[PDB]
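Coordinate inspection notes
Residue-level listing of the chains:
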Amino acid sequence: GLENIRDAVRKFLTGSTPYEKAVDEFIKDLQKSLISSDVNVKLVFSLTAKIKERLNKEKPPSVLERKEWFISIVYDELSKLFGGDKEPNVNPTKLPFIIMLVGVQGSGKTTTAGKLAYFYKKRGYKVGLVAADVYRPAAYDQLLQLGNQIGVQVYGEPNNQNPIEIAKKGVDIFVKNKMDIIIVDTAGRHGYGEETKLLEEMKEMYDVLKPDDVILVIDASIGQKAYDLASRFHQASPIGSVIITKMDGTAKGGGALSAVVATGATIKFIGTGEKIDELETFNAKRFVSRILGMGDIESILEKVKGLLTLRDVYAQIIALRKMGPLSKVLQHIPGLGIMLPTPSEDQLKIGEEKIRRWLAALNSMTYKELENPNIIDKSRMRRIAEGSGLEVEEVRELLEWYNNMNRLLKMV
Amino acid sequence: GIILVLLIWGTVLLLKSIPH
């Protein structure tokens, strides 16, 4: 479905045919894959849209083949779609951190709570599972079962028919072991025909218990449909995140992610199995890559990334030490290369662990002391020297150089 | 552009002050 993409990339990336007659087969195949992945259609043509707009105005950077630069846009774009920023802060803030699980029946609301509280235990916190799973008694059994199998306490008194009480009772008790994190799996009713039921039972819990985080589990089988419940969810609790489970037992995954994002919700994790370890933090970008191209996008990453005087000094010298292993460097300079056994002189320069003490002292300096250094004194000079590892001599040389250039450009 | 091919350029002329 959506996995057929890397190939569509491994082709577009093997000088298959002419540049433009290739761009299209991709767009054909991308749309095919996306839609075939259950991503909403209006979104797909939309995307390809903002993709042809960029191929238009955006101008290709150096060391960027007509096509690689291309993918840089694809990736970027597929990337905005599924995420749009960096990995959320699955890391708790205040202690204790409290988490509620509002999973619609069949959504693995419970398996996830386990899988999740193991996530955190395994990462070093003192997790506590509160079984407010009222609408399901079988959830109780199965819960404490996997619970004991992982060394986690699970408060709960069956048939209380009132979870909000179970919550306050159970969370206020998990402040005893000074537990760091508390996972409150709130009962999820209305099976599949949910409507607005759980949202009400929710705004309630939030008001009564008032926890630090609220996460609505979604079955990755719901395709782009997930957009409705998700949207009502975000609306209800603009301060919460979605977890999408069973990602691996469907071909309509993309539809859910793209979907849930469409609304504005955040996807902190994604279930990928029945097992307990089957749950990993959702890294939007790494996902787009994981699908576009293994690391092919990686090379594209290096290349694009690294790429009145002491200022330019740093920015300048910095981009130079970075460099990058390739012969396209001279593609910038109006000169045609002749032989290659020569650059081995460059690998050798990088040989000495420490390549330049200049970027070292330039770092050991204030961002102002980098501007007007004629204020630098001998005390300031041994300070910046010892701080960098250099000697007052390696630094005097440095300073004299900035000015000789200060004077030289004056002489032009 | 040539500006740096001079500045970043004429540096090694006396890269001699270095330790041993």
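Residues numbered from 1 in each chain as written, not as in the entry; some residues may be left out. Chains lettered and ligands numbered in written order. Heavy atoms only, no water.

Looking at the method and resolution fields of the entry, one finds X-ray crystallography and 3.50 Å.

Labelled according to the PDB entry, chain A appears under the name Signal recognition 54 kDa protein, originating from Sulfolobus solfataricus. This deposition appears in the PDB under the title "Recognition of a signal peptide by the signal recognition particle". For the record of chain A, the UniProt heading Subunit holds the text "Part of the signal recognition particle protein translocation system, which is composed of SRP and FtsY. Archaeal SRP consists of a 7S RNA molecule of 300 nucleotides and two protein subunits: SRP54 and SRP19." Check the Subcellular location section of the UniProt entry for chain A; it says "Cytoplasm". (UniProt positions renumbered as here; feature names shortened; annotations may be inferred.)

Attention now moves to the overall build of chain A. A tally of regular secondary structure across chain A gives 17 helices and eight strands. What you see for chain A is a C-alpha radius of gyration of 28 Å, clearly larger than the 22 Å of a compact globule of 412 residues, by over 25%. Counting only C-alpha atoms, chain A reaches 90 × 60 × 35 Å along its principal axes. A total of 412 residues make up chain A; the buried ones form 44% of that total. As displayed, chain A offers around 23,000 Å² of accessible surface, 52% of which is attributable to carbon and sulfur atoms. Separation between the mean location of the 59 positive side-chain charges and that of the 54 negative ones in chain A comes to 2 Å. (Helix = DSSP H or I, 4+ residues; strand = E, 2+ residues; numbered from the N terminus. Rg over C-alpha atoms; globule rule 2.2 N^0.38 Å. Buried < 20%, exposed > 50% of the residue type's maximum accessible area, 1.4 Å probe, protein only. Areas by Shrake-Rupley, 256 points an atom, 1.4 Å probe, with all protein chains shown as cover. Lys, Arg positive; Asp, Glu negative; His and termini not counted. Charge placed at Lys NZ, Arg CZ, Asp CG, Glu CD.)

All names here are of chain A. With omega at 0°, the peptide bond leading from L95 into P96 counts as cis. Residue placement: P96 occurs in the loop between α4 (66-82) and β1 (97-101). Positive phi outside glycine occurs at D38, with the angle close to 75°. Along the chain, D38 falls in the loop between α2 (19-35) and α3 (41-57).

All names here are of chain A. Parsing chain A into structural domains produces domain 1 (1-85), domain 2 (86-294) and domain 3 (304-412). Each of domain 1 and domain 2 has a C-alpha centre, and the two are 33 Å apart. Counting residues at the interface gives 23 residues for domain 1 and 21 residues for domain 2. Surface buried jointly by domain 1 and domain 2 totals about 1,900 Å² across both partners, of which 65% is contributed by carbon and sulfur atoms. Among the residues of domain 1 in contact with domain 2, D38, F82 and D85 are the three that bury the most area, contributing 35% of the side total. Connecting domain 1 to domain 2 are zero salt bridges. Counting the contacts that link domain 1 with domain 2 gives four residue pairs in polar contact. Broken down by secondary-structure element, the contributors of at least two residues to the side of domain 1 that touches domain 2 are α1 (5-12), α3 and α4. In the side of domain 1 that touches domain 2, the residues fall into twelve nonpolar, six polar and five charged. (Domains from an automatic or database assignment. Contact = heavy atoms within 4.5 Å. Buried area = accessible area lost by both parts, 1.4 Å probe. Salt bridge = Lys/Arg side-chain N within 4 Å of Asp/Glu carboxyl O. Polar contact = N/O pair within 3.5 Å; in protein donor to acceptor, adjacent residues only side chain to side chain. Nonpolar A, V, L, I, M, F, W, Y, C, P; charged D, E, K, R; others polar.)

Another aspect to go through is the environment of A:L229. Residue and element names in this part refer to chain A. Relative to the helices and strands, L229 is located in helix α9 (residues 227-236). Taking the C-alpha atoms as reference points, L229 and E195, separated by 34 residues in sequence, lie 7.8 Å from one another. Apart from the residues within four sequence positions on either side, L229 is in contact with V104, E194 and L216.

Attention now goes to the interface of chain B and chain A. With nine residues of chain B at the interface, the matching set in chain A holds eight residues. Of the roughly 880 Å² buried where chain B meets chain A, counting both sides, 70% is carbon and sulfur surface. Ranking the residues of chain B by area buried against chain A places B:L7, B:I8 and B:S17 at the top, with a combined share of 50%. Across the chain B-chain A interface, the total number found is zero salt bridges. The interface formed by chain B and chain A includes one residue pair in polar contact. Across the side of chain B that touches chain A, the residue classes tally to six nonpolar, three polar and no charged.

Turning our attention to the pairing of strand β5 (residues 213-219) of chain A. Residue and element names in this part refer to chain A. When you tally the buried positions in β5, you get seven out of seven residues, the bulk of the element. Residues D213, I215, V217 and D219 of β5 are buried on one face, and the alternating residues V214, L216 and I218, pointing to the opposite face, are buried as well. Sheet topology note: the β1/β5 ladder contains three bridges and is parallel. What sits directly across from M100, in β5, is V214. The pairing of β5 with strand β6 (residues 240-245) spans six bridges and is classified as parallel. From the neighbouring strand, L216 faces β6, where its bridge partner is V242. Chirality of the crossover, the property in question, places the unit of β5, α9 and β6 among those that are right-handed. (Pairing = 2+ DSSP bridges. Right-handed = clockwise from strand over helix to strand, strands pointing away.)

This next bit is on the pattern of salt bridges. Residues and elements named next belong to chain A. Here the structure, examined in full by the defined rule, presents 22 salt bridges over all chains. Between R66 and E65 there is a salt bridge, with its nearest N and O atoms 3.6 Å apart. For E65, a relative accessible area of 38% translates into the label partly exposed. Between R380 and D377 there is a salt bridge, with its nearest N and O atoms 3.7 Å apart.

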